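As C-alpha cells, the structure follows; a few thoughts come after it.
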Amino acid sequence: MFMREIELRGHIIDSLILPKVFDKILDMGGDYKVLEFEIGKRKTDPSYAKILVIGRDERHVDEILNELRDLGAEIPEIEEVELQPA
Amino acid sequence: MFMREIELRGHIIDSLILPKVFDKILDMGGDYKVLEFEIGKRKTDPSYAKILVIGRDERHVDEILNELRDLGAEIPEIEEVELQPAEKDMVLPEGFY
C-alpha cells in the first residue's frame, strides 16, 4: 500500500474543502487520516490540515492526489502544500 | 485570573461555530486557546474541540461559559459542555505578561 501526506492551507473552517476532499479520496477507493489540524490563531489567520492519503499503490494514490489538486483550484482561498519529494 | 476548559462536539467544520465562540469570548474580555481538535473517521461522525477560556476571575469566566452554553443550545448541529480539571486551583495571579 502506498501513502502520501498533503497539506491544505487557508480558509479551512467555514468551507466545504475538507468534506469535498474526504469525499473525493473515498470516492476513488482511498482512505485518509487527518494527522495534524491547526486552527487559524485568531479568527483571521490561515488554518491548515495535514492529511495522510492511503492507497493500494503509488499510481492509484497519485491519481487521487491530482484530483485533490483540481479541487484545491475551484474552492477559493485554499492552498495546497507538498510535504514530500515532488 | 480564572480558567475553565470547554468542549464543542459535532460539526465543528463548515460551521461558523468556532469564530462565533471566539468572538464572544473576546467581546466579553476573555481569551481562549484551542487545546485539542479531533476529527471523526467519516464526515458523518462528530469532531470535537477542547478550548480553554480565560477571564479576569471566576465570576466573569462563568458569565462567559454561560453565554457559550446558550450558543450550543441554540445551534442544533453541536453541543457544548464544560470539563472539570484534574486540578482544584484554576486561578493564576497577575504577571506572566
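Each chain in the C-alpha cells gets a letter, A, B, ..., in the order shown, and its residues are numbered from 1; ligands are numbered from 1 in order too.
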
Which residues of chain B are close to chain A, meaning at most 7 Å apart when you count only C-alpha atoms, and how do they look as a PDB file with C-alpha atoms, in the first residue's frame?
ATOM      1  CA  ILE B  13     -16.078  22.387  10.467  1.00  0.00           C
ATOM      2  CA  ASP B  14     -18.365  24.001   7.869  1.00  0.00           C
ATOM      3  CA  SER B  15     -19.898  25.779  10.822  1.00  0.00           C
ATOM      4  CA  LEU B  16     -19.341  29.350  11.914  1.00  0.00           C
ATOM      5  CA  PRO B  19     -15.429  32.067  15.035  1.00  0.00           C
ATOM      6  CA  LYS B  43     -17.644  13.399   7.902  1.00  0.00           C
TER       7      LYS B  43
END

Quick one: DSSP alpha helix (DSSP H) residues in chain A, as JSON, numbers by chain? {"A": [17, 18, 19, 20, 21, 22, 23, 24, 25, 26, 27, 58, 59, 60, 61, 62, 63, 64, 65, 66, 67, 68, 69, 70, 71, 72, 73, 74]}

Tell me which protein, DNA and RNA residues are within 7 Å of range 74-78 of chain B, counting only C-alpha atoms, leaving out same-chain ones fewer than 3 positions away, and put them as a PyMOL selection string. chain B and resi 8-11+70-71

Per DSSP on the backbone, filter chain B down to the residues in strand (DSSP E) and report them as JSON, numbers by chain. {"B": [2, 3, 4, 5, 6, 7, 8, 9, 10, 31, 32, 33, 34, 35, 36, 37, 38, 47, 48, 49, 50, 51, 52, 53, 54, 55, 78, 79, 80, 81, 82, 83]}

Show me, as JSON, numbers by chain, the residues that have an atom within 10 Å of residue 76 in chain A when counting only C-alpha atoms, minus same-chain residues fewer than 2 positions from it. {"A": [10, 11, 15, 17, 71, 72, 73, 74, 78, 79]}

Counting only C-alpha atoms, the option among B:4, B:60, B:69, B:41 closest to residue 21 in chain B: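 Among the listed residues, B:69 lies closest to residue 21 in chain B.
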
To one decimal in Å, tell me the separation between CA of residue 39 in chain B and CA of residue 81 in chain B.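 Going from CA of residue 39 in chain B over to CA of residue 81 in chain B covers 17.5 Å.
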
Tell me, as a ChimeraX atom specification, which residues lie within 9 Å of residue 50 in chain B, counting only C-alpha atoms; anything in the same chain fewer than 3 positions away does not count. /B:5-9,33-38,83

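When only C-alpha atoms are used to measure the gap to residue 3 in chain A, the shortest distance among A:55, A:85, A:46, A:29 belongs to A:55.
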
9 Å contact set for range 58-65 of chain A, only C-alpha atoms, chain neighbours under 5 positions out, as a VMD selection string: chain A and resid 1 to 4 6 24 to 25 28 to 30 53 70

With N, CA, C and O atoms retained, export the selected residues as a short mmCIF file (atom, residue, chain, number, x, y, z; two decimals), in the first residue's frame.
data_model
loop_
_atom_site.label_atom_id
_atom_site.label_comp_id
_atom_site.auth_asym_id
_atom_site.auth_seq_id
_atom_site.Cartn_x
_atom_site.Cartn_y
_atom_site.Cartn_z
N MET A 1 0.84 -1.19 0.00
CA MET A 1 0.00 0.00 0.00
C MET A 1 0.87 1.24 0.00
O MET A 1 1.91 1.28 0.65
N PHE A 2 0.43 2.26 -0.72
CA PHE A 2 1.22 3.47 -0.82
C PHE A 2 0.47 4.60 -0.15
O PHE A 2 -0.75 4.66 -0.21
N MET A 3 1.19 5.50 0.49
CA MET A 3 0.54 6.65 1.08
C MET A 3 1.40 7.90 0.95
O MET A 3 2.61 7.82 1.02
N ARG A 4 0.75 9.04 0.75
CA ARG A 4 1.41 10.35 0.76
C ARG A 4 0.66 11.36 1.65
O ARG A 4 -0.57 11.30 1.77
N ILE A 6 -0.43 15.27 2.43
CA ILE A 6 -0.61 16.55 1.78
C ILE A 6 -1.08 17.53 2.83
O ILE A 6 -1.51 17.12 3.90
N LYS A 24 -13.78 12.88 -2.15
CA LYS A 24 -13.02 12.53 -3.33
C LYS A 24 -12.15 11.34 -3.00
O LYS A 24 -12.24 10.30 -3.65
N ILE A 25 -11.32 11.47 -1.98
CA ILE A 25 -10.47 10.37 -1.58
C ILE A 25 -11.26 9.04 -1.50
O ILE A 25 -10.88 8.04 -2.14
N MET A 28 -12.75 7.44 -4.78
CA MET A 28 -11.81 6.71 -5.65
C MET A 28 -11.12 5.51 -5.01
O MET A 28 -10.10 5.04 -5.52
N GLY A 29 -11.66 5.01 -3.90
CA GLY A 29 -11.11 3.81 -3.29
C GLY A 29 -9.94 4.01 -2.35
O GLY A 29 -9.28 3.05 -1.97
N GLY A 30 -9.68 5.26 -1.97
CA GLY A 30 -8.65 5.53 -0.99
C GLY A 30 -9.19 5.69 0.42
O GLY A 30 -10.38 5.50 0.66
N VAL A 53 -3.04 10.48 2.89
CA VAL A 53 -3.85 9.75 1.91
C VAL A 53 -3.29 8.36 1.68
O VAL A 53 -2.11 8.23 1.43
N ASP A 70 -7.10 19.42 -8.27
CA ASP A 70 -8.17 20.05 -9.04
C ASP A 70 -9.21 20.69 -8.15
O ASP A 70 -9.71 21.78 -8.44
#

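Across the structure, CA of residue 23 in chain B and CA of residue 47 in chain A are spaced 16.6 Å apart.
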
What does the distance between CA of residue 89 in chain B and CA of residue 29 in chain B come to in Å, to one decimal place?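 A separation of 21.4 Å between them.
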
Determine, counting only C-alpha atoms, which protein, DNA and RNA residues have an atom within 12 Å of an atom of residue 90 in chain B; residues of the same chain fewer than 4 positions away are not included. Present the result as a PyMOL selection string. chain B and resi 1-5+52-58+61+84-86
